[PDB]
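Written out below as structure tokens is the structure these notes cover.
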Amino acid sequence: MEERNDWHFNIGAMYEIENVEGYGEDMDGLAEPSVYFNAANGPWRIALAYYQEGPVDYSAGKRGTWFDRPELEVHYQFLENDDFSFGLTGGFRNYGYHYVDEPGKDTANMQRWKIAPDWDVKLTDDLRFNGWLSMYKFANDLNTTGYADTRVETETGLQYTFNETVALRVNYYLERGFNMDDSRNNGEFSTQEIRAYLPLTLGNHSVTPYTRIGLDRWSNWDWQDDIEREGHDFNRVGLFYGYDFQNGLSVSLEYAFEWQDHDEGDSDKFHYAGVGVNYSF
């Protein structure tokens with residue numbers, strides 16, 4: 001069965017905290033290892049995972065936390081076009097349990113509903129643009145009020161070949177706010193952020209840097225007086241390395257680099273490194 005590729009299986013493994021860097025967090029019950037299961041052959045494709053979160057470590061369970069959320073997502077593709085330009089994503093997640101109504105109210109029922117269709121906005125090879133709309137509901141209350149309290153999220157992706165030979169993925173994030181200008185707002189920061197990243201192929205190792213800001217507000221600080229230490233990175237840069245295994249596994253390695261070049265790599269302000277494991281067959 002292993003030799004045959006009739007069944008397509010995907011497994012993803014993630015760790016919320018890794019000891020590799022040597023840095024951790026305050027609470028244990030806020031981080032655990034994760035495994036994602038995906039299967040598809042005939043019927044549609046379904047991913048199942050469980051998420052347990054302990055706001056208090058004492059209220060977290062080593063065997064299995066009674067405060068638990070099931071994570072379920074099923075993806076649908078529809079060939080109403082020559083290409084699979086039509087798709088639907090459905091996500092089901094329950095917050096808490098509704099099996100019992102025992103005193104104390106440690107048991108509670110909140111539902112998270114996700115509906116997100118896939119759309120190919122542009123159907124041309126030279127320039128591709130995509131966008132997906134995701135609608136979320138929570139608790140019983142939002143279901144009762146319906147679309148009124150529904151949270152709406154939209155992500156859009158633009159593929160432009162800057163050098164023609166390589167394609168750049170630019171993602172635009174759309175959130176619904178008041179969307180009204182205010183005198184209390186200086187306008188220093190943009191209401192939307194443009195995040196751009198590209199896959200660079202170096203053997204079996206893929207290099208994918210991303211920038212928080214695709215088009216920076218200014219060319220530089222461009223002041224006649226500069227301070228070496230910046231309070232925080234306005235444009236954050238993350239670099240992913242895809243590492244290959246001869247067995248047939250691929251892992252994504254996270255690295256964070258500061259805007260200012262480091263002559264001394266022996267000492268860095270921040271250290272963010274993470275490993276994601278993907279199995280696809």
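A note on labels: chains of the structure tokens are A, B, ... as shown, every chain counts residues from 1, and ligands are counted from 1 in their shown order.
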Residues within 12 Å of residue 234 of chain A, only C-alpha atoms, excluding chain neighbours under 3 positions, as a list in words: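 Non-adjacent residues within range: residues 188, 189, 190, 193, 211, 212, 213, 214, 215, 216, 217, 218, 220, 221, 230, 231, 237, 258 and 259 of chain A.
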Pull N, CA and C atoms from the residues just selected and write them as a compact mmCIF listing (two decimals), in the first residue's frame.
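Okay, again19.txt is ready:
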```txt
# COMPACT_ATOMS: atom_id res chain seq x y z
N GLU A 188 -0.29 58.22 10.69
CA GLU A 188 1.10 57.80 10.57
C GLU A 188 1.19 56.38 10.04
N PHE A 189 0.30 55.53 10.51
CA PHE A 189 0.29 54.12 10.13
C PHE A 189 -0.89 53.84 9.21
N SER A 190 -0.70 52.93 8.28
CA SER A 190 -1.74 52.58 7.33
C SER A 190 -2.73 51.61 7.94
N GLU A 193 -1.91 46.52 5.89
CA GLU A 193 -0.50 46.20 5.71
C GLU A 193 -0.33 45.26 4.52
N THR A 211 8.21 39.97 4.12
CA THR A 211 8.30 41.28 4.72
C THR A 211 6.93 41.73 5.18
N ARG A 212 6.88 42.28 6.39
CA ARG A 212 5.64 42.81 6.94
C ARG A 212 5.10 43.92 6.06
N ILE A 213 6.00 44.74 5.55
CA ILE A 213 5.61 45.84 4.70
C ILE A 213 6.28 45.69 3.34
N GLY A 214 5.47 45.57 2.30
CA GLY A 214 5.98 45.47 0.95
C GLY A 214 6.53 46.79 0.45
N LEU A 215 5.80 47.85 0.71
CA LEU A 215 6.23 49.19 0.34
C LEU A 215 6.35 50.05 1.59
N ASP A 216 7.58 50.29 2.02
CA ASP A 216 7.83 51.03 3.25
C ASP A 216 7.33 52.46 3.13
N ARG A 217 6.96 53.06 4.26
CA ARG A 217 6.41 54.40 4.27
C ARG A 217 7.41 55.41 3.72
N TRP A 218 8.67 55.24 4.07
CA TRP A 218 9.72 56.14 3.62
C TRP A 218 10.91 55.35 3.08
N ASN A 220 13.98 55.73 3.91
CA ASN A 220 14.79 55.44 5.07
C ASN A 220 14.30 56.32 6.22
N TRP A 221 14.94 56.24 7.37
CA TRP A 221 14.68 57.21 8.42
C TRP A 221 15.02 58.60 7.89
N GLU A 230 16.57 50.76 17.68
CA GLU A 230 15.20 51.09 17.33
C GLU A 230 14.25 50.36 18.27
N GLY A 231 13.21 51.07 18.70
CA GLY A 231 12.30 50.56 19.71
C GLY A 231 11.61 49.28 19.31
N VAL A 237 10.92 41.07 9.18
CA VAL A 237 11.36 40.17 8.12
C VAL A 237 11.57 38.76 8.67
N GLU A 258 17.04 40.73 12.00
CA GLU A 258 16.82 42.13 12.32
C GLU A 258 17.06 43.00 11.10
N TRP A 259 16.41 44.15 11.04
CA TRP A 259 16.54 45.05 9.89
C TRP A 259 18.00 45.49 9.73
```
Test item: residues at most 9 Å from residue 12 of chain A, only C-alpha atoms, excluding those fewer than 3 positions along its chain, as a list in words: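 Residues meeting the cut-off are residues 34, 35, 36, 37, 38, 276, 277, 278, 279 and 280 of chain A.
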I need the residues of segment 54-155 of chain A that end up classed as strand (DSSP E) by DSSP on the backbone, written out as an NGL selection string. :A and (68-78 or 86-96 or 109-120 or 128-137 or 151-155)
Residues near residue 40 of chain A, cut-off 8 Å, only C-alpha atoms, skip fewer than 2 positions along chain, as a ChimeraX atom specification: /A:7-9,38,42-46
Where in segment 2-168 of chain A does DSSP assign alpha helix (DSSP H), given as an NGL selection string? :A and (141-145)
Generate a file of the selected residues that holds N, CA and C atoms, formatted as an mmCIF file, in the first residue's frame.
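out-v9.cif, freshly written:
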```cif
data_model
loop_
_atom_site.group_PDB
_atom_site.id
_atom_site.type_symbol
_atom_site.label_atom_id
_atom_site.label_comp_id
_atom_site.auth_asym_id
_atom_site.auth_seq_id
_atom_site.Cartn_x
_atom_site.Cartn_y
_atom_site.Cartn_z
ATOM 1 N N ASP A 141 -24.728 32.897 20.880
ATOM 2 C CA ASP A 141 -25.243 34.254 20.710
ATOM 3 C C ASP A 141 -25.087 34.760 19.280
ATOM 4 N N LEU A 142 -23.914 34.554 18.693
ATOM 5 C CA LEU A 142 -23.645 35.033 17.339
ATOM 6 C C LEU A 142 -24.447 34.245 16.316
ATOM 7 N N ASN A 143 -24.720 32.986 16.624
ATOM 8 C CA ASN A 143 -25.564 32.167 15.767
ATOM 9 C C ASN A 143 -26.985 32.692 15.787
ATOM 10 N N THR A 144 -27.420 33.094 16.969
ATOM 11 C CA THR A 144 -28.753 33.623 17.161
ATOM 12 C C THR A 144 -28.937 34.963 16.446
ATOM 13 N N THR A 145 -27.927 35.825 16.517
ATOM 14 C CA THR A 145 -27.991 37.119 15.854
ATOM 15 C C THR A 145 -27.665 36.990 14.368
#
```
Near residue 106 of chain A, within 10 Å and counting only C-alpha atoms, which residues show up once chain neighbours fewer than 4 positions away are dropped, as a ChimeraX atom specification? /A:66-67,96-97,100-102
Which residue is closest to residue 129 of chain A? Choose from A:148, A:167, A:202, A:249 and count only C-alpha atoms.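 Ranking A:148, A:167, A:202, A:249 by distance to residue 129 of chain A, first place goes to A:167.
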Would you work out the distance separating atom CA of residue 57 of chain A from atom CA of residue 31 of chain A, expressed in Å to one decimal?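 Pair atom CA of residue 57 of chain A / atom CA of residue 31 of chain A returns 10.8 Å.
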Nearest to residue 251 of chain A, chosen from A:224, A:13, A:162, A:170, with only C-alpha atoms counted in the distances: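 Once distances to residue 251 of chain A are computed over only C-alpha atoms, the minimum belongs to A:13.
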Name the closest residue to residue 130 of chain A among the candidates A:71, A:165, A:171, A:77; distances are taken between atoms, counting only C-alpha atoms.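 Looking at the shortest contact to residue 130 of chain A, the residue is A:171.
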For segment 109-122 of chain A, list every protein, DNA or RNA residue within 9 Å, evaluated using only C-alpha atoms, and leave out those in the same chain fewer than 3 positions away; present the list as a CSV table (one decimal) with N, CA and C atoms, in the first residue's frame.
```csv
chain,number,residue,atom,x,y,z
A,73,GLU,N,-11.8,20.8,9.6
A,73,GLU,CA,-11.9,21.6,8.4
A,73,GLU,C,-11.9,20.7,7.2
A,76,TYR,N,-13.5,21.6,-0.3
A,76,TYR,CA,-14.2,21.2,-1.5
A,76,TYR,C,-13.7,21.9,-2.7
A,77,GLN,N,-13.5,21.2,-3.8
A,77,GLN,CA,-13.1,21.8,-5.1
A,77,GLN,C,-14.2,21.6,-6.1
A,84,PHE,N,-9.7,24.4,-11.6
A,84,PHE,CA,-10.5,24.4,-10.3
A,84,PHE,C,-10.5,25.7,-9.7
A,85,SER,N,-11.2,26.7,-10.4
A,85,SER,CA,-11.3,28.0,-9.9
A,85,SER,C,-12.4,28.2,-8.8
A,86,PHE,N,-13.2,27.2,-8.6
A,86,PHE,CA,-14.2,27.2,-7.6
A,86,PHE,C,-13.9,26.3,-6.5
A,87,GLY,N,-14.0,26.8,-5.3
A,87,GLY,CA,-13.7,25.9,-4.1
A,87,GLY,C,-14.4,26.4,-2.9
A,88,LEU,N,-14.7,25.5,-2.0
A,88,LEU,CA,-15.3,25.9,-0.7
A,88,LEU,C,-14.5,25.3,0.5
A,89,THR,N,-14.4,26.1,1.5
A,89,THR,CA,-13.7,25.6,2.7
A,89,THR,C,-14.7,25.8,3.9
A,90,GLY,N,-14.9,24.7,4.7
A,90,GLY,CA,-15.7,24.8,5.8
A,90,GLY,C,-15.0,24.4,7.1
A,91,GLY,N,-15.1,25.1,8.1
A,91,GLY,CA,-14.4,24.8,9.4
A,91,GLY,C,-15.3,24.8,10.5
A,92,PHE,N,-15.2,23.7,11.3
A,92,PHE,CA,-16.1,23.4,12.4
A,92,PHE,C,-15.2,23.3,13.7
A,93,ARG,N,-15.4,24.2,14.7
A,93,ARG,CA,-14.7,24.1,15.9
A,93,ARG,C,-15.6,24.4,17.1
A,94,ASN,N,-15.6,23.6,18.1
A,94,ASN,CA,-16.4,23.8,19.2
A,94,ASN,C,-15.6,24.2,20.4
A,95,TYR,N,-16.0,25.3,21.1
A,95,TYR,CA,-15.3,25.7,22.2
A,95,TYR,C,-16.0,25.3,23.5
A,96,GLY,N,-15.4,24.4,24.3
A,96,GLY,CA,-16.0,23.8,25.4
A,96,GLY,C,-16.8,22.6,25.1
A,97,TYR,N,-17.7,22.2,26.0
A,97,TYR,CA,-18.5,21.0,25.8
A,97,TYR,C,-19.9,21.3,26.1
A,98,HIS,N,-20.9,20.6,25.5
A,98,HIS,CA,-22.3,20.8,25.8
A,98,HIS,C,-22.9,19.5,26.2
A,99,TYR,N,-22.1,18.5,26.6
A,99,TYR,CA,-22.6,17.2,27.0
A,99,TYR,C,-23.4,17.2,28.3
A,125,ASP,N,-2.5,33.7,-16.8
A,125,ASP,CA,-1.2,33.2,-16.4
A,125,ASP,C,-0.2,34.3,-16.1
A,127,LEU,N,-0.6,37.3,-15.0
A,127,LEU,CA,-0.9,37.9,-13.7
A,127,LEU,C,-2.0,37.2,-13.0
A,128,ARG,N,-1.8,36.7,-11.8
A,128,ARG,CA,-2.8,36.0,-11.1
A,128,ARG,C,-3.1,36.7,-9.8
A,129,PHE,N,-4.3,36.8,-9.4
A,129,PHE,CA,-4.8,37.4,-8.2
A,129,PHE,C,-5.9,36.6,-7.6
A,130,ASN,N,-5.8,36.3,-6.3
A,130,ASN,CA,-6.8,35.5,-5.7
A,130,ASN,C,-7.3,36.1,-4.4
A,131,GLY,N,-8.4,35.6,-3.9
A,131,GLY,CA,-9.0,36.2,-2.7
A,131,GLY,C,-10.0,35.2,-2.1
A,132,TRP,N,-10.0,35.1,-0.8
A,132,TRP,CA,-10.9,34.2,-0.1
A,132,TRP,C,-11.6,35.0,1.0
A,133,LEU,N,-12.9,34.8,1.1
A,133,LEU,CA,-13.7,35.4,2.2
A,133,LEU,C,-14.1,34.4,3.3
A,134,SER,N,-13.8,34.7,4.5
A,134,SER,CA,-14.1,33.8,5.6
A,134,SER,C,-15.0,34.5,6.6
A,135,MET,N,-16.1,33.8,6.9
A,135,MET,CA,-17.1,34.3,7.9
A,135,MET,C,-17.1,33.5,9.1
A,136,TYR,N,-17.0,34.1,10.3
A,136,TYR,CA,-16.9,33.4,11.5
A,136,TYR,C,-18.0,33.8,12.5
A,137,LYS,N,-18.6,32.8,13.2
A,137,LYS,CA,-19.5,33.0,14.3
A,137,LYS,C,-19.0,32.3,15.5
A,138,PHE,N,-19.3,32.8,16.7
A,138,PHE,CA,-18.9,32.2,18.0
A,138,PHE,C,-20.1,32.2,18.9
A,139,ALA,N,-19.9,31.3,19.9
A,139,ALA,CA,-21.0,31.1,20.9
A,139,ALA,C,-22.3,30.7,20.3
A,140,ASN,N,-23.3,30.6,21.2
A,140,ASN,CA,-24.7,30.5,20.7
A,140,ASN,C,-25.2,31.9,20.2
A,141,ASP,N,-24.7,32.9,20.9
A,141,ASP,CA,-25.2,34.3,20.7
A,141,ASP,C,-25.1,34.8,19.3
A,142,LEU,N,-23.9,34.6,18.7
A,142,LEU,CA,-23.6,35.0,17.3
A,142,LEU,C,-24.4,34.2,16.3
A,143,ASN,N,-24.7,33.0,16.6
A,143,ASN,CA,-25.6,32.2,15.8
A,143,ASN,C,-27.0,32.7,15.8
A,154,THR,N,-11.0,38.7,5.1
A,154,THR,CA,-10.7,38.4,3.7
A,154,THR,C,-9.2,38.6,3.5
```
Within 9 Å of residue 55 of chain A using only C-alpha atoms, minus same-chain residues under 6 positions, as a list in words: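 Final neighbour list, sorted by chain and number: residues 27, 29 and 30 of chain A.
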Emit the selected residues as a compact mmCIF listing (two decimals), in the first residue's frame, including C-alpha atoms.
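Saved file selection_15.txt follows:
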```
# COMPACT_ATOMS: atom_id res chain seq x y z
CA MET A 27 2.84 29.08 31.19
CA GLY A 29 -0.51 24.97 29.36
CA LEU A 30 -0.34 27.47 26.51
```
Quick one: of A:58, A:173, A:51, A:255, who's nearest to residue 236 of chain A, counting only C-alpha atoms? A:255
If we count only C-alpha atoms, what is near residue 201 of chain A at a cut-off of 12 Å, once residues fewer than 2 positions away on the same chain are taken out, given as a count of residues only? 16
